[PDB]
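Protein chains in written order, with the authors' numbering: chain A, 1 to 46, 49 to 379, 391 to 403; chain A', 1 to 46, 49 to 379, 391 to 403. A prime marks a further copy of an entry chain.
Reviewing the structure listed below.
There are 2 protein chains.
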Amino acid sequence: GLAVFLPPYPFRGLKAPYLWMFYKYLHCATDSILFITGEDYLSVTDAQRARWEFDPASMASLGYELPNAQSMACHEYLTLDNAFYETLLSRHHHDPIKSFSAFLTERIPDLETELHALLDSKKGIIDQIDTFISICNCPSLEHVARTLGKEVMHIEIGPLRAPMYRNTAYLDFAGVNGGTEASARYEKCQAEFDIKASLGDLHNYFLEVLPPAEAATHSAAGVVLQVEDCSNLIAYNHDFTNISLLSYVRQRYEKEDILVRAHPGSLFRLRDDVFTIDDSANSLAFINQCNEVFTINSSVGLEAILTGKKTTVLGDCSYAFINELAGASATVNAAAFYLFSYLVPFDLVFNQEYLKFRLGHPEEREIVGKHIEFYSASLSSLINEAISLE
Amino acid sequence: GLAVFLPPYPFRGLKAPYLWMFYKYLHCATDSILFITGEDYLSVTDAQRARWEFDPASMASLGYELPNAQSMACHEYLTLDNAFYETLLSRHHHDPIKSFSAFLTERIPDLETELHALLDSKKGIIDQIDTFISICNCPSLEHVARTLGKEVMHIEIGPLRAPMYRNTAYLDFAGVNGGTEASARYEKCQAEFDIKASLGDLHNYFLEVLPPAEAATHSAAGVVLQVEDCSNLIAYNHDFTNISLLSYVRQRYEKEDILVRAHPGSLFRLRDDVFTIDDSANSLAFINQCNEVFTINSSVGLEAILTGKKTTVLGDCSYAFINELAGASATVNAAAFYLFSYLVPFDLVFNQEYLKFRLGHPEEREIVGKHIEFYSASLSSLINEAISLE
Ligand SMILES: CC(=O)N[C@@H]1[C@@H](O[C@@H]2O[C@@H](C)[C@H](O)[C@@H](O)[C@H]2O)[C@H](O)[C@@H](CO)O[C@H]1O
Ligand SMILES: CC(=O)N[C@@H]1[C@@H](O[C@@H]2O[C@@H](C)[C@H](O)[C@@H](O)[C@H]2O)[C@H](O)[C@@H](CO)O[C@H]1O
Ligand SMILES: Nc1ccn([C@@H]2O[C@H](COP(=O)(O)O)[C@@H](O)[C@H]2O)c(=O)n1
Ligand SMILES: Nc1ccn([C@@H]2O[C@H](COP(=O)(O)O)[C@@H](O)[C@H]2O)c(=O)n1
Ligand code: NA
Ligand code: NA
Ligand code: NA
Ligand code: NA
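Shown next as structure tokens:
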């Protein structure tokens, strides 16, 4: 059985922050699941149905329906208490973002004590768990898992998303976004890797539309801004922020040569009278008119690499190791492995059968084969003609 | 003679960051001044005259004219080298904001070595200095000053500004914005302090217009946002940022009860579809329609206190000690002392005669007397009827 960990702590000021993954697992569930979460994940259906998770375009794009009493009663629930969250805040001077960073990057002994108490609250629970699944890093939970002998798959929506791309997801046994294992997996297959496809072929395989035509007018430098309170910008950012990213670029380019694109999910937008503000319908059309791209650790960085743009990546993230290679050919090879073996087809990370497949730690070849099979209806060879056939 | 320190390091991506204070001291100069700055402070008049310092409304409000060759040739110049700035950046992983924070809060031995070398480059220079003046904290410079036996007045525009208020300035021997001495000065006059005026009287004395009428409609909580790369938000902020300030408030109020006002000087503005976004012509009209106010350490916080609003002050700043008092009466007394003795009438901090007056460390009574005299055309008594007469 899966034990899916969906923390209810509203670090960013919003109840049931990870509600979409709750609804996705419930909808795809083929077995009884053990949810470790908050009661907020169960009520909210009662007066804020103006949230994006309830939007029909959200549901169609992510492929889930809303649950009912029957759908939810099929599973088991362990609910965390809010009193620990209140205590956590005061231990970080009442800063919820700081507390969020601690949650992501430090063991919290009181939380380990509660998780142990909950897992033990009913006998047989622990022995039925085949793996934990967590939507974010959590050293409290990971310490608990070591003690009980259980693995932890970290899982999230990936850097390529619909409608521009095939939906992808992350699945990492060590950590998602921060502390990933993508680099280590690649360096063991670097020996026998020679992708014959070009970078554009790789990009086109995952694009649902054709890449944009030439922009005609370009800007020397593009700046990707991100969501200010995403785990990427508060814990994995090497201390960089949007404004210091801007400053970093201003050490190199005049104002006239900087094109800035705010994140559509951010609470803030750029004012007009300072920089040239991108207005493209999507980040690829913005990338298309820049000579080089600057980011902390936004998904758009991978788009920039996949289109052959010089990219600066200031924070920690899953694809950074690709940007640290010196050549276009090493880049293609690393990129192919990242797209076809590290990234998972979105629906599969919610497929209990596929999760048990990965819990057996199969060879990379087997991993790439399963993904190519889903995308379609030697590891270099599989990819090589997978691109050609497509 | 004054030795005015105006660092040229473009931490925020803009040459001659402190150019207005250069122009203000040059314009008010009644003696030869020793400027320690960059050559950028001397050229920029040559293609970015679209900066606010060149705006006629800027000049009229701050009371300076542009300098010419004659005006500038009256003084002496020691220019810092850029190679140290390049080295400083790489020592902070190329993050200019982080380097800025280090500059404000750490000794930098290479900079001390350069300042010493410059001050010694011409004999007689050091012996002619009566005090350093610095527009920001700088432990490098302060260490140098200790060695040579010189004081350091930290000086800046204050929390009350034209056109809403009489212009004020800061003058602090220990530190401006961070590490101030306003609290310590107050606690030595707390004994003999009984201001009979009300809080509204104090506020009205500094207002150039009458306070706004009642708003009719209110919001439970107002959120003051600040400029992201101001020294207040990067070094004196106790790690809080705009987005975590928002999160702090969202732990207490529903979205429907939050009114947010972005800073007019910030590069970012709020999008409309999330919170109610303030549109007031000034921060007092925004304050007027809030039941309580939340800030990191914005000047607007002092406005909120002066109007009797419950205020939360999360960062370090000059007026925090006022907010830490429990009562309205202790609050008035502390507020009166802050407005009349800690804050300086703006023009005076550029008046060499007045600076020599403060370098003699006179009694608080003498300080309050000089300021009230300027504003007009026992320490409790002086203030009491200064408010009444006005
Ligand atoms: C599916 C998707 O992209 N949703 C966006 C939200 O991001 C997702 O949900 C949050 C709760 C997690 O922290 C994210 O890592 C991600 O899984 C995003 O929060 C909002 C706006 O910021 O936009 C949605 O479209
Ligand atoms: C006089 C004034 O208020 N100017 C504003 C600028 O602030 C001043 O100049 C900068 C360089 C210092 O860092 C500040 O502490 C302050 O002295 C401000 O930078 C800009 C926009 O941010 O707006 C001016 O009006
Ligand atoms: N400045 C930005 C950042 C992200 N984005 C979009 O948001 C999605 C996720 O990007 P982050 O990883 O930066 O949150 C990207 O794939 C892209 O579609 C954008 O359109 N503009
Ligand atoms: N959110 C904000 C912050 C500041 N301000 C204005 O900017 C001036 C300086 O405020 P900071 O100290 O926050 O930079 C204030 O006196 C006020 O006039 C504003 O109008 N809205
Ligand atoms: Na395609
Ligand atoms: Na590279
Ligand atoms: Na008045
Ligand atoms: Na108080």
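Think of the CB as a built atom: it goes at the ideal place given N, C-alpha and C, for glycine as much as any other residue.
Per DSSP, cross-strand counterpart(s) of residue i
i          : result
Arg271(A)  : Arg271(A')
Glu158(A') : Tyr172(A')
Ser136(A') : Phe5(A') and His156(A')
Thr313(A') : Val295(A')
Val226(A)  : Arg263(A)
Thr81(A')  : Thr37(A')
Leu209(A)  : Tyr167(A)
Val346(A') : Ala171(A')
For residue i, the three-state DSSP class (helix, strand or coil)
i          : result
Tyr23(A')  : helix
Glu144(A') : helix
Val370(A') : helix
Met74(A')  : helix
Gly1(A')   : coil
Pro98(A)   : helix
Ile279(A)  : strand
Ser221(A') : strand
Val351(A)  : helix
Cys319(A') : coil
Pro214(A') : coil
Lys124(A)  : coil
beta-carbon residue i near ligand 2 non-hydrogen atom, thresh 8 Å
i               : result
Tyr25(A')       : no
residue 389(A') : Coordinates for residue 389(A') are simply not present: the residues of chain A' run from 379 and resume at 391.
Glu67(A')       : no
Alpha-carbon to alpha-carbon, residue j and residue i
i              : j          : result
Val229(A)      : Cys28(A)   : 29 Å
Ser101(A')     : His94(A')  : 6 Å
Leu2(A)        : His265(A') : 47 Å
residue 389(A) : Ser60(A)   : There are no coordinates for residue 389(A) in this structure, because the numbering of chain A runs from 379 directly to 391.
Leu402(A')     : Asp203(A') : 11 Å
residue 47(A') : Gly180(A') : Gap in chain A' between 46 and 49; residue 47(A') lies inside it and carries no coordinates.
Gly65(A)       : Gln354(A)  : 16 Å
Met166(A)      : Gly38(A)   : 33 Å
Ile245(A')     : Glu153(A)  : 34 Å
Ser391(A')     : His96(A')  : 54 Å
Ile157(A')     : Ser320(A') : 12 Å
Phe208(A')     : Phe270(A') : 30 Å
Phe277(A')     : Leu14(A')  : 32 Å
Residue range of the beta strand (DSSP E) that includes residue i
i          : result
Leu34(A)   : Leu34 to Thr37
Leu261(A') : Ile260 to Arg263
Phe296(A') : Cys292 to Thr297
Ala184(A') : Looking at the DSSP string, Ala184(A') is not in any beta strand (DSSP E); the run it does join, the alpha helix (DSSP H), is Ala184 to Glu189.
Closer than 8 Å: residue i CB and nearest ligand 4 heavy atom
i          : result
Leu227(A') : yes
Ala322(A)  : no
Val302(A') : yes
Contact test: residue i Cβ vs ligand 3 heavy atom, cutoff 8 Å
i         : result
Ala59(A)  : no
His96(A)  : no
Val251(A) : no
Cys232(A) : yes
Ligand 1 heavy atom lying under 8 Å from the CB of residue i
i         : result
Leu19(A') : no
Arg271(A) : no
Any non-hydrogen atom of ligand 6 within 8 Å of residue i CB
i          : result
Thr333(A)  : yes
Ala328(A)  : yes
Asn239(A') : no
Residue span of the alpha helix (DSSP H) that contains residue i, given as start and end
i          : result
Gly329(A)  : First-last for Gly329(A): undefined, no H or E at that position.
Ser200(A)  : That residue, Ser200(A), is in no alpha helix (DSSP H); it is neither H nor E in DSSP.
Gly303(A') : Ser301 to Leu308
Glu114(A)  : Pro111 to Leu121
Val251(A') : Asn244 to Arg252
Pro69(A')  : Looking at the DSSP string, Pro69(A') is not in any alpha helix (DSSP H), and its letter there is neither H nor E.
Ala399(A)  : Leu392 to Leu402
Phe323(A)  : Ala322 to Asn325
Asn234(A)  : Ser233 to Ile236
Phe288(A') : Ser285 to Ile289
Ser60(A')  : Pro58 to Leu64
Near ligand 8: residue i beta-carbon under 8 Å from a heavy atom
i          : result
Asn299(A') : no
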